[PDB]
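One-letter residues, chain by chain:
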Amino acid sequence: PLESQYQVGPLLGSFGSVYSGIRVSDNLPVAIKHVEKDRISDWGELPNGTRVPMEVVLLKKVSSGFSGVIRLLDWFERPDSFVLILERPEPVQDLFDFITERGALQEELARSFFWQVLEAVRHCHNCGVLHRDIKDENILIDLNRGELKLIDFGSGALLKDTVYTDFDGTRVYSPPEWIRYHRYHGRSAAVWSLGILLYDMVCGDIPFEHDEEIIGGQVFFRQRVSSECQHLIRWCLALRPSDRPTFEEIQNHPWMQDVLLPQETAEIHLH
Amino acid sequence: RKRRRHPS
Ligand SMILES: O=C1Nc2ccccc2/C1=C\c1ccc(C(=O)O)cc1
(Lines give C-alpha, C1' and ligand atoms only; values in the text may rest on other atoms or scores of the structure.)
Protein backbone atom coordinates (compact mmCIF):
# COMPACT_ATOMS: atom_id res chain seq x y z
CA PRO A 1 0.00 0.00 0.00
CA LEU A 2 1.29 3.45 -0.98
CA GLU A 3 -0.87 5.40 1.48
CA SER A 4 0.89 3.41 4.24
CA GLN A 5 4.60 3.70 3.36
CA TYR A 6 4.69 7.44 2.61
CA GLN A 7 3.54 10.64 4.27
CA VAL A 8 2.13 12.76 1.44
CA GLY A 9 2.49 16.52 1.46
CA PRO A 10 1.43 19.37 -0.81
CA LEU A 11 1.98 19.80 -4.52
CA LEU A 12 5.57 20.25 -5.66
CA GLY A 13 7.42 21.79 -8.59
CA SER A 14 7.14 25.04 -10.51
CA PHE A 15 2.22 22.29 -13.89
CA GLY A 16 2.16 18.53 -13.29
CA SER A 17 1.13 16.23 -10.43
CA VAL A 18 4.20 15.81 -8.23
CA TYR A 19 3.74 15.96 -4.46
CA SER A 20 6.27 16.37 -1.69
CA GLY A 21 6.57 13.33 0.53
CA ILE A 22 8.58 11.52 3.18
CA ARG A 23 9.16 7.77 3.31
CA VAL A 24 7.85 6.62 6.70
CA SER A 25 10.38 3.77 6.86
CA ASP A 26 13.21 6.28 7.34
CA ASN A 27 11.89 9.87 6.88
CA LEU A 28 13.67 10.00 3.50
CA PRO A 29 12.34 12.94 1.43
CA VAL A 30 10.66 11.75 -1.77
CA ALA A 31 8.77 13.19 -4.72
CA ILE A 32 5.50 11.40 -5.49
CA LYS A 33 4.68 11.66 -9.19
CA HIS A 34 1.27 10.65 -10.55
CA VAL A 35 0.77 9.76 -14.20
CA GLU A 36 -2.74 9.31 -15.57
CA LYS A 37 -3.08 6.18 -17.71
CA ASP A 38 -5.34 7.88 -20.26
CA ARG A 39 -2.58 10.47 -20.85
CA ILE A 40 0.31 8.03 -21.46
CA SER A 41 1.95 8.20 -24.90
CA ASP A 42 4.44 5.30 -24.94
CA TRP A 43 4.01 2.05 -23.04
CA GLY A 44 6.66 -0.51 -22.18
CA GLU A 45 6.73 -4.04 -20.86
CA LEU A 46 8.77 -4.80 -17.76
CA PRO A 47 10.82 -8.00 -17.41
CA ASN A 48 7.77 -9.75 -15.93
CA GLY A 49 5.72 -8.71 -18.99
CA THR A 50 3.78 -6.18 -16.89
CA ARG A 51 2.73 -3.20 -19.02
CA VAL A 52 4.02 0.06 -17.53
CA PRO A 53 4.62 3.60 -18.81
CA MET A 54 7.85 3.84 -20.78
CA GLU A 55 8.93 6.42 -18.18
CA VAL A 56 9.12 3.63 -15.58
CA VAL A 57 11.11 1.42 -17.98
CA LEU A 58 13.63 4.19 -18.63
CA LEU A 59 13.93 5.23 -14.97
CA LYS A 60 14.63 1.63 -13.97
CA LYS A 61 17.35 1.36 -16.63
CA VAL A 62 19.21 4.46 -15.37
CA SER A 63 18.59 3.90 -11.62
CA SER A 64 22.02 2.35 -10.91
CA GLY A 65 23.34 4.81 -8.33
CA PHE A 66 25.14 7.43 -10.37
CA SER A 67 23.94 10.60 -8.70
CA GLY A 68 23.44 12.67 -11.87
CA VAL A 69 20.05 11.24 -12.86
CA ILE A 70 16.96 11.16 -10.65
CA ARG A 71 16.49 7.81 -8.90
CA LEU A 72 13.20 5.92 -9.04
CA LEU A 73 12.80 4.33 -5.61
CA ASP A 74 9.49 2.50 -6.17
CA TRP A 75 6.31 2.62 -8.22
CA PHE A 76 2.71 1.46 -7.89
CA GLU A 77 -0.14 0.80 -10.31
CA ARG A 78 -3.64 2.14 -9.62
CA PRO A 79 -6.87 1.66 -11.64
CA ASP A 80 -6.47 4.91 -13.59
CA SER A 81 -2.84 5.89 -12.91
CA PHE A 82 0.72 4.99 -12.01
CA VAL A 83 2.53 6.46 -9.01
CA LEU A 84 6.31 6.95 -9.13
CA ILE A 85 8.34 7.38 -5.94
CA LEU A 86 11.36 9.50 -6.82
CA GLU A 87 14.23 10.71 -4.68
CA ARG A 88 13.91 14.31 -3.55
CA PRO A 89 17.13 16.21 -2.90
CA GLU A 90 16.85 19.11 -0.50
CA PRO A 91 17.53 21.95 -0.60
CA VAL A 92 17.00 22.15 -4.37
CA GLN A 93 16.09 24.67 -7.03
CA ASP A 94 15.53 23.83 -10.66
CA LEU A 95 17.95 25.35 -13.14
CA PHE A 96 15.23 27.37 -14.88
CA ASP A 97 14.44 29.34 -11.71
CA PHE A 98 18.15 29.57 -10.83
CA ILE A 99 18.93 31.24 -14.17
CA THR A 100 15.86 33.49 -13.87
CA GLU A 101 17.01 34.76 -10.50
CA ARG A 102 20.73 35.04 -11.21
CA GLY A 103 20.69 36.03 -14.88
CA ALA A 104 23.45 34.85 -17.21
CA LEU A 105 25.81 32.55 -15.33
CA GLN A 106 29.55 33.09 -14.94
CA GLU A 107 31.31 30.77 -17.38
CA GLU A 108 33.11 28.91 -14.58
CA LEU A 109 29.70 28.01 -13.13
CA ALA A 110 28.14 27.25 -16.52
CA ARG A 111 31.11 24.97 -17.25
CA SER A 112 30.61 23.04 -14.02
CA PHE A 113 26.86 22.66 -14.59
CA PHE A 114 27.20 21.80 -18.29
CA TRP A 115 29.88 19.20 -17.52
CA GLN A 116 27.61 17.50 -14.98
CA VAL A 117 24.73 17.45 -17.46
CA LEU A 118 27.00 15.88 -20.07
CA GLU A 119 28.04 13.16 -17.63
CA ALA A 120 24.38 12.50 -16.73
CA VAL A 121 23.33 12.31 -20.39
CA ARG A 122 26.26 9.96 -21.12
CA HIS A 123 25.01 7.75 -18.28
CA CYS A 124 21.54 7.66 -19.81
CA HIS A 125 22.91 6.72 -23.23
CA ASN A 126 25.21 4.06 -21.71
CA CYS A 127 22.10 2.59 -20.05
CA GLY A 128 20.16 2.54 -23.33
CA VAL A 129 17.98 5.59 -22.60
CA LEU A 130 17.39 8.78 -24.62
CA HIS A 131 15.95 11.59 -22.50
CA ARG A 132 14.59 13.74 -25.40
CA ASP A 133 13.71 16.72 -23.15
CA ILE A 134 17.00 18.17 -21.91
CA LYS A 135 16.26 21.74 -20.75
CA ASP A 136 16.88 23.86 -17.69
CA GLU A 137 13.37 23.08 -16.39
CA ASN A 138 14.34 19.39 -16.19
CA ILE A 139 17.55 19.92 -14.20
CA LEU A 140 17.62 20.16 -10.41
CA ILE A 141 20.46 21.76 -8.45
CA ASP A 142 21.35 20.30 -5.05
CA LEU A 143 22.30 23.63 -3.51
CA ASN A 144 24.38 22.09 -0.72
CA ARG A 145 26.30 19.46 -2.72
CA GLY A 146 26.71 21.38 -5.99
CA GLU A 147 25.32 18.33 -7.81
CA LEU A 148 22.87 18.52 -10.71
CA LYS A 149 20.17 15.92 -11.37
CA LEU A 150 18.37 15.25 -14.65
CA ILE A 151 14.64 14.71 -14.09
CA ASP A 152 11.38 14.00 -15.95
CA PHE A 153 11.90 11.06 -18.29
CA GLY A 154 8.27 11.42 -19.44
CA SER A 155 9.28 12.27 -23.02
CA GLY A 156 12.08 9.72 -23.26
CA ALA A 157 12.61 6.65 -25.41
CA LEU A 158 14.84 3.63 -25.62
CA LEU A 159 18.03 4.73 -27.34
CA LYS A 160 18.37 3.46 -30.91
CA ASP A 161 20.67 4.20 -33.84
CA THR A 162 17.90 4.37 -36.45
CA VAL A 163 15.71 7.37 -37.23
CA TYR A 164 13.13 8.75 -34.80
CA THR A 165 9.91 10.01 -36.41
CA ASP A 166 8.04 10.83 -33.16
CA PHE A 167 8.78 13.52 -30.58
CA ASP A 168 7.05 14.97 -27.53
CA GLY A 169 9.80 17.01 -25.83
CA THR A 170 10.13 20.80 -25.86
CA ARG A 171 9.93 22.37 -29.31
CA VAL A 172 12.24 25.34 -28.62
CA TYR A 173 14.96 22.83 -27.66
CA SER A 174 14.26 20.58 -30.69
CA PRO A 175 16.62 20.47 -33.68
CA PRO A 176 16.01 21.90 -37.16
CA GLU A 177 15.74 18.44 -38.76
CA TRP A 178 12.72 17.83 -36.51
CA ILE A 179 11.20 21.21 -37.40
CA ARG A 180 11.86 20.77 -41.12
CA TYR A 181 11.44 17.03 -41.71
CA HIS A 182 9.82 15.44 -38.60
CA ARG A 183 12.82 13.15 -38.14
CA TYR A 184 16.05 13.05 -36.15
CA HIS A 185 18.70 10.75 -34.75
CA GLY A 186 18.95 10.51 -30.99
CA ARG A 187 22.51 11.53 -30.17
CA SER A 188 22.80 14.49 -32.56
CA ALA A 189 19.38 15.74 -31.46
CA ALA A 190 20.57 15.56 -27.83
CA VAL A 191 23.68 17.57 -28.72
CA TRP A 192 21.48 20.23 -30.33
CA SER A 193 19.42 20.56 -27.14
CA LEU A 194 22.64 20.77 -25.12
CA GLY A 195 23.75 23.66 -27.32
CA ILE A 196 20.47 25.42 -26.52
CA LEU A 197 21.01 24.69 -22.82
CA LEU A 198 24.57 26.05 -22.82
CA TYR A 199 23.49 29.28 -24.55
CA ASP A 200 20.70 29.50 -21.94
CA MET A 201 23.25 29.26 -19.12
CA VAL A 202 25.76 31.83 -20.40
CA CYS A 203 23.23 34.28 -21.90
CA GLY A 204 20.39 33.97 -19.40
CA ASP A 205 17.74 32.71 -21.81
CA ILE A 206 17.44 30.34 -24.78
CA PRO A 207 18.48 31.68 -28.22
CA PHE A 208 15.41 30.67 -30.26
CA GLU A 209 11.68 31.08 -29.71
CA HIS A 210 10.32 30.57 -33.25
CA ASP A 211 10.70 27.80 -35.83
CA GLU A 212 12.28 30.23 -38.30
CA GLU A 213 15.06 31.00 -35.80
CA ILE A 214 15.62 27.29 -35.12
CA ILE A 215 16.16 26.54 -38.81
CA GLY A 216 17.84 29.84 -39.70
CA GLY A 217 21.35 28.95 -38.58
CA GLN A 218 22.29 32.27 -36.91
CA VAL A 219 23.34 32.52 -33.26
CA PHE A 220 23.42 36.06 -31.85
CA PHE A 221 25.08 36.48 -28.45
CA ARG A 222 23.19 38.94 -26.22
CA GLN A 223 25.77 38.72 -23.42
CA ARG A 224 29.56 38.82 -23.25
CA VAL A 225 30.62 35.21 -23.93
CA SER A 226 34.19 33.99 -24.49
CA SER A 227 35.23 33.02 -28.00
CA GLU A 228 35.81 29.41 -26.89
CA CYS A 229 32.32 29.13 -25.39
CA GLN A 230 30.75 30.73 -28.48
CA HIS A 231 32.56 28.22 -30.69
CA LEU A 232 31.31 25.23 -28.68
CA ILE A 233 27.72 26.53 -28.72
CA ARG A 234 27.80 27.20 -32.47
CA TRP A 235 29.22 23.72 -33.02
CA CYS A 236 26.45 22.06 -30.99
CA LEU A 237 23.98 24.17 -33.00
CA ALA A 238 25.33 23.12 -36.40
CA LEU A 239 22.39 22.95 -38.81
CA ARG A 240 23.46 19.61 -40.30
CA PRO A 241 23.33 16.86 -37.62
CA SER A 242 26.52 15.20 -38.90
CA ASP A 243 28.38 18.50 -38.31
CA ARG A 244 27.61 18.48 -34.57
CA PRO A 245 30.24 17.27 -32.07
CA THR A 246 30.10 13.88 -30.42
CA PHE A 247 29.90 13.87 -26.63
CA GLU A 248 33.62 13.08 -26.58
CA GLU A 249 34.39 16.11 -28.77
CA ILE A 250 32.29 18.34 -26.49
CA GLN A 251 34.10 17.22 -23.36
CA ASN A 252 37.50 17.53 -25.08
CA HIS A 253 36.68 21.06 -26.26
CA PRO A 254 39.03 23.79 -24.94
CA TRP A 255 36.18 25.58 -23.15
CA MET A 256 35.42 22.48 -21.06
CA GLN A 257 38.88 22.06 -19.54
CA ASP A 258 39.62 22.45 -15.80
CA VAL A 259 36.06 21.92 -14.58
CA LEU A 260 35.26 22.51 -10.91
CA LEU A 261 34.34 19.64 -8.64
CA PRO A 262 30.72 19.64 -7.41
CA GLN A 263 31.81 20.58 -3.87
CA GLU A 264 33.99 23.44 -5.16
CA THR A 265 31.02 24.61 -7.23
CA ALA A 266 28.80 24.68 -4.13
CA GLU A 267 31.35 26.54 -2.01
CA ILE A 268 32.28 29.10 -4.68
CA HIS A 269 28.92 29.76 -6.33
CA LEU A 270 26.07 28.35 -4.21
CA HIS A 271 26.81 28.99 -0.50
CA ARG B 1 12.61 40.74 -22.47
CA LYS B 2 10.22 37.97 -21.38
CA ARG B 3 11.78 34.68 -20.29
CA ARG B 4 9.26 31.86 -20.01
CA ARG B 5 8.92 28.15 -19.52
CA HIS B 6 7.83 25.99 -22.46
CA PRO B 7 5.51 22.99 -21.98
CA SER B 8 6.52 19.61 -23.38
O1 LIG C 1 11.89 18.31 -5.08
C2 LIG C 1 11.68 18.90 -6.14
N3 LIG C 1 11.68 20.23 -6.32
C4 LIG C 1 11.43 20.57 -7.65
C5 LIG C 1 11.36 21.82 -8.23
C6 LIG C 1 11.10 21.90 -9.60
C7 LIG C 1 10.93 20.75 -10.35
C8 LIG C 1 11.00 19.49 -9.76
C9 LIG C 1 11.25 19.38 -8.39
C10 LIG C 1 11.39 18.27 -7.48
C11 LIG C 1 11.31 16.94 -7.62
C12 LIG C 1 11.02 16.17 -8.83
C13 LIG C 1 11.87 15.12 -9.17
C14 LIG C 1 11.67 14.38 -10.32
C15 LIG C 1 10.61 14.67 -11.17
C16 LIG C 1 10.44 13.88 -12.42
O17 LIG C 1 11.21 12.96 -12.69
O18 LIG C 1 9.44 14.25 -13.18
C19 LIG C 1 9.75 15.70 -10.84
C20 LIG C 1 9.95 16.44 -9.68
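Residues numbered from 1 in each chain as written, not as in the entry; some residues may be left out. Chains lettered and ligands numbered in written order. Heavy atoms only, no water. Residues with missing side-chain atoms left out of burial classes, pairs and counts.

**Q** Describe unusual backbone geometry, naming the residues involved and giving the relevant values.
**A** Residue and element names in this part refer to chain A. With an omega of 0°, the peptide bond between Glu90 and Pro91 qualifies as cis. Examined against the element boundaries, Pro91 turns out to sit in the loop between β7 (81-87) and β8 (92-94). Its identity is not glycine, yet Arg132 carries a phi of approximately 65°, on the positive side. Structurally, the position occupied by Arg132 is in the loop between β9 (129-130) and β10 (139-142). (Helix = DSSP H or I, 4+ residues; strand = E, 2+ residues; numbered from the N terminus.)

**Q** Can you lay out the packing of aromatic side chains for me, pointing to particular residues and giving the numbers?
**A** All names here are of chain A. Between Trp43 and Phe82, the ring centres sit 5.7 Å apart and the planes meet at 65°, which makes this aromatic pair edge-to-face. Residue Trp43 is located in strand β4 (residues 43-45), and its partner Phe82 is located in strand β7; the two are separated by 39 residues in the primary sequence. For the pair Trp192 and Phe208, a centre-to-centre distance of 6.2 Å together with 25° between the ring planes defines the contact as stacked. Here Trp192, found in helix α6 (residues 186-203), pairs with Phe208, found in the loop between α6 and α7 (211-216); they are 16 residues apart in sequence, far enough to count as distant. The rings of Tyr164, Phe167, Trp178 and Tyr184 are connected pair by pair, giving a single aromatic cluster. Against the face of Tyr164 rests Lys160, its NZ or CZ located 4.8 Å from the ring centre. (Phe/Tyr/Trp six-rings, centres within 6.5 Å; stacked < 30°, edge-to-face > 60°. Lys NZ or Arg CZ within 6 Å of the ring centre and 35° of its normal.)

**Q** Can you tell me about the UniProt feature "active site" in chain A, naming the residues and giving the values?
**A** UniProt feature "active site": in the numbering of this structure it lies at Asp133 of chain A. Structurally, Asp133 of chain A can be placed in the loop between β9 and β10. (UniProt positions renumbered as here; feature names shortened; annotations may be inferred.)

**Q** How would you explain the sheet that holds β10 of chain A if you had to name every residue and give the values?
**A** Residue and element names in this part refer to chain A. Spatial ordering of the open sheet is given by β8-β10-β11, a layout of three strands whose pairing is antiparallel. Sheet topology places β8 and β11 (147-150) at the edges, where each strand pairs with a single neighbour. Averaged over all neighbouring strand pairs, the angle between strand axes comes to 30°, with direction disregarded. Both β10 and β11 contribute to a ladder of four bridges, which runs antiparallel. Paired with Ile139 across the two strands is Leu150, which belongs to β11. (Pairing = 2+ DSSP bridges. Axes fitted to C-alpha atoms, helices over the stretch in contact; angles between N-to-C directions.)

**Q** Before we move on, can you summarise the interface of chain A and chain B with the specific residues and values?
**A** The interface of chain A with chain B comprises 22 residues on the first partner and eight residues on the second. Of all the elements, helix α3 (residues 95-102) of chain A adds the most residues to the side of chain A that touches chain B, at five residues. In terms of residue class, the side of chain A that touches chain B is built from five nonpolar, six polar and 11 charged. (Contact = heavy atoms within 4.5 Å. Nonpolar A, V, L, I, M, F, W, Y, C, P; charged D, E, K, R; others polar.)

**Q** Go over the domain arrangement of chain A, please, and point to the residues and values.
**A** All names here are of chain A. Domain annotation of chain A identifies domain 1 (1-90) and domain 2 (91-271). Placing the centre of domain 1 and that of domain 2 at their C-alpha centroids yields a distance of 25 Å. Domain 1 puts 20 residues into the contact, and the matching count from domain 2 is 27 residues. Residue contributions to the side of domain 1 that touches domain 2 peak at seven residues, all from helix α2 (residues 54-62). For the side of domain 1 that touches domain 2, the per-class residue count stands at nine nonpolar, five polar and six charged. (Domains from an automatic or database assignment.)

**Q** I'd like to hear about the packing of helix α4 (residues 107-126) of chain A against α6 of chain A, residue by residue, with values.
**A** Residues and elements named next belong to chain A. Look at α4 against α6: their axes get within 10 Å of each other, and the N-to-C directions meet at 160°. Put simply, α4 runs roughly antiparallel to α6. The hand of the α4/α6 crossing is right-handed. Contact with α4, carried on its side by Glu107, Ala110, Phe113, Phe114, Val117, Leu118 and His125, involves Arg187, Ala190, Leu194, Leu197, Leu198, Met201 and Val202 of α6 and no other residues of that element. (Parallel < 35°, antiparallel > 145°, perpendicular 65-115°, else oblique. Left-handed = near helix turned anticlockwise from the far one by under 90°.)

**Q** Please give an account of the sheet that holds strand β3 (residues 28-36) of chain A that cites residues and values.
**A** Residue and element names in this part refer to chain A. Pairing in this open sheet of five strands is antiparallel, and the strands run β1-β2-β3-β7-β6 from one edge to the other. Of all strands in the sheet, those with a lone pairing partner are β1 (6-12) and β6 (72-77), marking the two edges. With direction set aside, neighbouring strand axes in the sheet form an average angle of 25°. Packed onto the sheet, α2 meets β3, β6 and β7 and runs at close to 155° relative to β6.

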